[PDB]
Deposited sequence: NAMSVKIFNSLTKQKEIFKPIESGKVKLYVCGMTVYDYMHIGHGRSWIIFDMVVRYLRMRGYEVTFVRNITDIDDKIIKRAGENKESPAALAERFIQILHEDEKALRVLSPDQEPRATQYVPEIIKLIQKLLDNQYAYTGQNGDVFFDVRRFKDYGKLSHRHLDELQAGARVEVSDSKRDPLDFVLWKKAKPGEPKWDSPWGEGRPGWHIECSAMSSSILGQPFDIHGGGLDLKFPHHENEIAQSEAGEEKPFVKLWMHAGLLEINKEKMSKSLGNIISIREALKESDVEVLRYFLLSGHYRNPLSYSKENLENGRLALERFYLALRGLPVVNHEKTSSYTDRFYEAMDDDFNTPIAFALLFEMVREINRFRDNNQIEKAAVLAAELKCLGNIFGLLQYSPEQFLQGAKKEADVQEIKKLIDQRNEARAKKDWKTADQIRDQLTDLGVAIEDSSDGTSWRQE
């Protein structure tokens, strides 16, 4: 009887035995990019973390349906487009292209589905209509459509918080009117645009059905974003939204919060000029995905020397229970610290076989090591190229 995977569920604050709704299948939605600018290393970490999650789940034999959305309806896109004097539609398209190039450069898996908000407006309107019909939504002195949070008594359960033209300050917009000159869509409530959260509620359930297995994103999306998705989807469809919630830890820069106001944001493209993708991945995945991580020259260099050590052991070679122990590490909520230390144990034994001139055994062990490392997107270079 094969060992189960256990994953931390943000909803419950605990590691739970992972149990797919349909046997052997995993439906996964991950919040994606707002396409008004280059993705930064913060996003980079989330992208890499969930790349590892999908790769590992497929490794264990799960059939994974992987969905990641593009947020191409947002005020930042409107704001940014205006500054650059271009149309919002042109800015969005431009940075969707940039996004695909950066993702390719990071060597992440492409999602099976990449829904854009611009193509799911009817689905959003349907959900909003249900919320109005259920009386969880309302207009709206100024014409906007809002969600009535005091009605949803489970509100705040994801983040475990109690009380922290709107009837109530906590209420959030579902459909906002468009300002003159702004892009807009027609609806029964006037020309305007969907709020941010209702976009992901509508796209995810429309594509994956409801409920689905796993919903992911950066920890900063937990509230209000994911919290609001739950309220919308469970009040709106009157059934459970998501079985398990995964949140990727925060990324600091030299121990300081990544902040637009501090001007310390580092784009993925800038990071890839300084480091190789495998060096970036080593740094991003060596710590536990839920813990904060600090981007710095020292921490990158450390991963670079770690990798150097890797490729030296593989260098000249021709092209097990370690696999089992690898599963046991990853099965414990993707415990990469234990998994990485296991890969280094494999390197030590590889070097042993090499020094003792047992080259066959070294080569076979290297094959397995390279296979397991693939899940982290590491050890795929030709050793000579890297060195």
query: Deposited-sequence segments unaccounted for in the coordinates; finding: 165-176, 332-337, 406-462
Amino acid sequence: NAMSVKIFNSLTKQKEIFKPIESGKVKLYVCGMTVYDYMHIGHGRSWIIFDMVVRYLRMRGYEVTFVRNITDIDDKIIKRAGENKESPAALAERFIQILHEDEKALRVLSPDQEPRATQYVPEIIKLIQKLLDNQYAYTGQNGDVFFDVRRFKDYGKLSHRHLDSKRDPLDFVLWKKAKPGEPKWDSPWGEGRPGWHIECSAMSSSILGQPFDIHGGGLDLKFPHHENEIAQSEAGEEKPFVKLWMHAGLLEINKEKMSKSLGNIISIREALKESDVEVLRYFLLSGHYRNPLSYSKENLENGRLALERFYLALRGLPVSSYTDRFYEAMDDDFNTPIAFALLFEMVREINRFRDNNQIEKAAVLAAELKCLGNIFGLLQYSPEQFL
From here on, numbers count along this sequence of modelled residues.
{"item": "Which of 205-213 and 93-101 has higher mean CA B factor, as the PDB entry lists it", "value": "93-101"}
{"item": "361-369 or 15-23, whichever carries the higher mean Cα B-factor", "value": "361-369"}
{"item": "Among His288, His226, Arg281, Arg150 - the residue whose C-alpha B-factor is largest in the record", "value": "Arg150"}
{"item": "Member of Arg68, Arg352, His43, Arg58 with the greatest C-alpha B factor (per the PDB record)", "value": "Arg352"}
{"item": "Chain third (lowest, middle, highest) by recorded CA B-factor, residue given as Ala329", "value": "middle"}
{"item": "Chain third (lowest, middle, highest) by recorded CA B-factor, residue given as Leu305", "value": "highest"}
{"item": "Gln232 by Cα B-factor - lowest, middle or highest third of the modelled chain", "value": "lowest"}
{"item": "Assigned third (lowest, middle, highest) for the C-alpha B factor of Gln129", "value": "middle"}
{"item": "Within-chain third of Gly263 by Cα B-factor, per the entry", "value": "lowest"}
